[PDB]
Amino acid sequence: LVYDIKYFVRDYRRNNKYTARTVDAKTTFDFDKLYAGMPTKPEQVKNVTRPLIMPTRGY
Amino acid sequence: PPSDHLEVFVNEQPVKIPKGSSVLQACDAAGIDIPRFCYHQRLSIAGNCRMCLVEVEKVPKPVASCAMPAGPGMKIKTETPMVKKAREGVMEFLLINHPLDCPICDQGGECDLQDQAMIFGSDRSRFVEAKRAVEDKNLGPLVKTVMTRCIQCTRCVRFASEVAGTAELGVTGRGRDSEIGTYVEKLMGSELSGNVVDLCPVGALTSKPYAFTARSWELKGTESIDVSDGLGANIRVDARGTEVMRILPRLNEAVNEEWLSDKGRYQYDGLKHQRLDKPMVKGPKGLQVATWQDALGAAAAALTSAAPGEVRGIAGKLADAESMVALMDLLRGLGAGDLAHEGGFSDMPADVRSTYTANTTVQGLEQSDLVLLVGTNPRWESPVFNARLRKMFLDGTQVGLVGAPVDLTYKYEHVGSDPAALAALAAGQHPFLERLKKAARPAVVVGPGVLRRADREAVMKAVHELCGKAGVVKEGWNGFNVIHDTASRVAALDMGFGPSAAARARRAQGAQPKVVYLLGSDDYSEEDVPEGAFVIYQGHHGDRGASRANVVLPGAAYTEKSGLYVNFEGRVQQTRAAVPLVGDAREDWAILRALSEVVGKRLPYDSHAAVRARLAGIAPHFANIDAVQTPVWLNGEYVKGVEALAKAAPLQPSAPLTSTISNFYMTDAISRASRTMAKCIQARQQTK
Amino acid sequence: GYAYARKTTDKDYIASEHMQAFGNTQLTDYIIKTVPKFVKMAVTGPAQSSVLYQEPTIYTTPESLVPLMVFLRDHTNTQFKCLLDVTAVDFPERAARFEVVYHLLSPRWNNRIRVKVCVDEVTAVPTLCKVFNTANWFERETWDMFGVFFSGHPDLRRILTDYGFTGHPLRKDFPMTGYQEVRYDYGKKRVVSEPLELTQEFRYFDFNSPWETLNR
Amino acid sequence: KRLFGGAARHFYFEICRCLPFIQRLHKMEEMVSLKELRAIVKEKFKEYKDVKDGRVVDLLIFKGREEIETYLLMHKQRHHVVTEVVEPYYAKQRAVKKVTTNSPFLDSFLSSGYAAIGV
Amino acid sequence: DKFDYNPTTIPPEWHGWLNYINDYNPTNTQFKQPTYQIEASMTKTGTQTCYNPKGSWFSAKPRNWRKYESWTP
Amino acid sequence: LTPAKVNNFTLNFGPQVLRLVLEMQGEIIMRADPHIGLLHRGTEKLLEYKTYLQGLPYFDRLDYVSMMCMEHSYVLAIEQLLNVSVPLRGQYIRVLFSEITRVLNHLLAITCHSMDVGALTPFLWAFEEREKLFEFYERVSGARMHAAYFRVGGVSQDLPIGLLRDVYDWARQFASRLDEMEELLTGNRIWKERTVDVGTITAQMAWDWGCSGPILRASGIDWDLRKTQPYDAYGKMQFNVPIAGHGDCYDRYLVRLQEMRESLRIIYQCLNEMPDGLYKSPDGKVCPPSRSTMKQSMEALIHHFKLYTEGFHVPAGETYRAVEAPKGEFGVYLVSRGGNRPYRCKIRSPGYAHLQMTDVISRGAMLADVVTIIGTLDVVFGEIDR
């Protein structure tokens, strides 16, 4: 960044967004699909590894 | 209509805008505040800052929204990558040569450049070369010039050329070596010369009296009004604790737009000198510090010791409506009917408000294409009003003057200089009448110095005759206007602060009172203040009246209280207390109420709202703060009803219609005590 | 009680894939579908637990707060056994100036949640002591600092201000330095509160630029 | 039968019931009796006689319960009683029929440039 | 000073080496001496000759910090 | 609604800053009513009149035993709403100094608990290593306790050259110091009989009572925020979790000692993995630039002017973040309106929650054990009363 000093490509702060989603009333929550993705045996069990570090974006 | 409001789209938002509007104005109507450096609301389009670049469909180049007209069906984009890229590049080009002077620059904290760099700029710089070094310039003692800080936004040049009309500043050199100022050593002769620093978006132009004093965030901002004249400019007061640091104008289109007289800009310094903080009573050794109880008792004894016809009250320039009505009630309750005003013409009849106001209003005046001046100098009576007159002149409005030919910063026609010339104009002897008789919306304006003439009834009769012959007052229009140069005059006129016919007769045969009371008055004539007579002074500055006084009550200054003040058009305005009372000072109407109780006749009111309600009962329009009523018009019945006053003291055809204001920089004690006005006077005297 | 030490080995992992994916994407929708009456407004926020996820926030009337908390602690999919704290926020612009806040932790599934109820000064908030023991002192402190009442509490009284202190200091209208100051008097031999007086008055500085867009 | 069920009179009755223990515990035997203590508590009630919400009255009563309870556990020492209970009574019965014939407006004017604030 | 030993009399150029802040002393380091340098000495605290603010009663000429001028007849 | 009637028992335990009122039917405690607020400084309202950088030193004096941990939660809460990534070397330094701070908190806590019990030698002995780590702090921030080192986007300054040398030298003998510390109480029947089976707490009550830190670990509960909700470089760190299953004062003592051991292990791992690179976030619009950069560049000078007067404007929003404090879980709730000052900043303190357990725990106990309860609770009223 010594000579390439453009900032818009790296303005995370002023570019976050909130959106008002649609009225979540007439939705169909199929718990069948929820419970179909769960394991049934000692094997086939997958766990999300603990992340080593927080994001650094190259620095 | 042929669709006077056209439609465009800015970031897929339909916005209805008037024809001839710019993309800058459209985005303003769209709720977007586009960064800008050279454009101003009151100036012509410059378009050299390149900070208003935006994106439009079917356009390969960024367009100058500060200058680009809007076409129907146009699409405007303000958040695209090229927009931010251009903004950052423009900011970088701004900052490469700008000196690193923020720690010593006085605009730090209110610098448009700094905030715009923070928002629309980057954080890093790749410029490592030697900058451009610019020598500073001298323009007078009012403005400190640091030319190296100049970004060449040309706002000073446009302002001086258009608003002031002096056109004394320009752009010298070329390219990088382009330079701003005057080729020669010149002193800025503009009376509205302090507006340039506010219009300067950087620290290149700074108020020399305010330099290095305090910072913007250290201040408490209090919206106030200007009392240095009769226009009443809306201003904001900035202070650090109990001390005033600077005074700045604020937006009021119907009164002063964005402008302030330098007299109303730099006279705050006087509040630090010759200040009265404690009550004083003249003893055998002279005036000495005494309690409010002692001073009030002495004043009551002096007042009661004399007959009601031996007591005179005089109102100064800066007395508010509340104190004026309180003192008037006080003196009336004891049988006294001697009233006088420091603003003159205290005996002028006040039955119809329109007869002593501006019936066209200040903003309604801009609808007139032809303006007549009758013995007035608006440049030295109200430079802001003169600037608005110049703005009207800038788009075809012609102005005629009857009186002393003076520099008014625009071309005009001099009809004459004496009432005989006015009579000739009314008779039909001059071509200006037919121009008046052909103008759709003619305007006639008369200053206060005319009202100070002993033959004021004759002059008013002649003016009314000319207005009738030219049809200046007709249906849906009134070009007749009366202006003033002091704030307290209007409230006194509306409240009926006028001497009785008995007191007028007593003056006529030469009756001389013994008890004289001053309400902040320092420019009295010797004829109303006999020598050897007891003087009770109320004020907030040590001056001529205070020195000759025998009992002194330290009052409140307009920067310390909230008094009512109506301008010459008849719009009610009020000040605001920015700093607390100085010394043991008290509220003026509270002081008068205390004196009334001590004497033996209490005033029926005991609160600020109570005395304001008493004023409203006296005159209903006082309740309407920051508004104006439409005065009634009674045609020639008023003039035919004041015919006797015209018969007595007939017209003087030889005395020229001049302006009684001979010292613009010094009109009251505060102006007479201000160091900055004295410095300006010396500077204007060192040019020869 | 949960989160018992089960594995004797080191764990390189956090939670299970399916449970984490549900809790981070469809947890809010599950809450909405389950008890829509208890739901009034939904915001999925910056994930108090971790910087890389999403977490929900709950808005509802004070009427159904207690059963909602009961379900949130006791549901087989939402085992929020840890109520972190109860606090409030002042919104003087609004008709209801108070936003009481409820925070939960679920060590069963390494999750968290926020629950808010918006009320005014004269509406009772049923106490959550019967649901969580820790709510006692949190309700006490919230009442002390804002005057937010909690009905049915065993003993609701001030916990942080002075013994004879009246008023709630964290209110937006409450002065920063207050009204009373206390000093000792030799003549009365007693330490007495007196009207507040300052040798140097406080200095407020207005730095907020007239160009900032983020102001809300 | 009374406004808002008359909870205010019940609160006053409860505080009056609890009053004598305060007098004995705080050694007010040689300053006050039960009657003028009750009068003090009565005058405390008059500060809000014109409230038109039952909820506000309930919260007032609850805060008064807290004040009387922190009075009960002696959490406010004798100095609090000095500064709020008996010296104010002595001042009230002490400056009776003052000899100043000036109006309150004139009193304020002779006092200072601003009205007095606080106790 | 065997009877009134005080740390304030140690000069600063020995203060850093004494305080284990630097390894520089006059015997091995040639510092730069400003012409306005004031020497070290004992403290005057507890005495009437010690410093006092300009609004103190011990000051030679009392200051009235009013930010304006009062008018005198 | 309630009279007094029966006075009978009456007690007053200390105006000197904990005030305690207890109720005994004799030698055994039946009720215990703490009264707090003698240190309530009203900081949360005070925070509203300060900028984010201005209010940072407030967090130094919330837990003046453990400071950088207090800084870290507030800094993370700011950054998450600011959407700012922290450089690797800064994360390493933060984690290492946090471990050192945790060591200090454990040392002072255990020594004070011992002195309350009656052992005075470990107090004095461990304060020497505490002075060593104070010297470490002063070398890196110029302050012994209130460093104000942690910054939004990194730290104020980089570590001075030669610091890690002395850190490793200290670690080379800290284990021996801990070992000699243990032998004074570990194998003692008196210390155990004073501490064993005093203040027993269950997992169900603890999760009902909102416990955090070592007290939670002693109930058979597998929980560390550094392993369940890791922050900065704690995920990379490999270390063990002490686990006890009685909820006993002796158990909490051993748990804290093993926590110190694990902290030393993490200190070693951080020492041998220190990377080279930037220590501050490269966003000058939030992070202050270098003084050399400021004095030679207009843009950095402008940003230094603006940040040091007005500061960065956090976008409107809300967040809550917590940190695995040595005394438990220290969290801060941040409410953002969009300006340069936090609208509402609520502070959550684990000791305040732990202090709420006195009445139920002290039941059935003796006056010789109230001091034990307070000491093993490891409570600082600075965070308890804010």
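Every chain is named by a letter (A, B, C, D, E and F) in the order it is written, and numbering of its residues begins at 1.
Quick note on the criterion: contacts are C-beta pairs under 8 Å (C-beta built on N, C-alpha and C of every residue); 3 or more make two chains touch, one makes a residue touch a chain.
Enquirer: Using the touch rule from the top, work out which pair, A-F or A-B, shares more C-beta pairs.
Expert: Between A-F and A-B, the larger count of C-beta pairs in contact belongs to A-F.
Enquirer: Indicate, using Cα centroids, the chain positioned nearest the centre of all protein chains shown.
Expert: Closest chain centre to the overall C-alpha centroid: C.
Enquirer: At what distance in angstrom does the C-alpha mean of chain D lie from that of chain A?
Expert: Computed value for the inter-centroid distance: 61 Å.
Enquirer: Between chain D and chain E, what's the gap in Å when you average each chain's C-alpha atoms?
Expert: Computed from C-alpha means, the inter-chain centre distance equals 55 Å.
Enquirer: Provide the C-alpha centroid distance between chain C and chain E, rounded to the nearest whole angstrom.
Expert: Whole-Å distance between the two chain centres: 52.
Enquirer: With chain centres taken as the means of their Cα atoms, state the distance from chain C to chain D in Å.
Expert: A distance of 35 Å separates the two centres.
Enquirer: For chain F, what residues touch not just one other chain but two or more?
Expert: 227, 230-231, 283, 285, 309, 315, in rising order.
Enquirer: Would you mind listing the residues of chain A that make contact with two or more other chains?
Expert: Residues 1, 7, 14, 50-51, 54-55 of chain A touch two or more partner chains.
Enquirer: Which positions in chain E are in touch with at least two other chains?
Expert: none
Enquirer: Which pairs of chains touch each other?
Expert: After working through each pair, the chains in contact turn out to be A-B, A-C, A-F, B-C, B-D, B-E, B-F, C-D, C-F, D-F.
Enquirer: Quick one: in the complex, what on chain C touches chain B?
Expert: 201, 203-207, 209-213
Enquirer: Can you list the residues on chain F that touch chain C in the complex?
Expert: Residues 36-37, 40, 42, 44-46, 49, 51, 76, 80-81, 202-210, 219-223, 227-231, 238, 240-241, 243, 309-311, 313-322, 329, 331, 333, 335, 337-340, 343-344, 346, 348, 352-353, 356, 360, 385.
Enquirer: Where on chain C is chain D touching in the complex?
Expert: Counting only chain C, the residues touching chain D are 122-123, 147, 149, 156-158, 163-164, 166, 179-180, 188, 190-193, 195-196.
Enquirer: Sort out for me which residues of chain A touch chain F in the complex.
Expert: Listed in rising order, the residues are 1, 7, 10, 12-14, 16, 50-57, 59.
Enquirer: Contact residues on chain F for chain A in the complex?
Expert: 82-88, 91, 227, 230-233, 235-236, 277-278, 281-283, 285-286, 315
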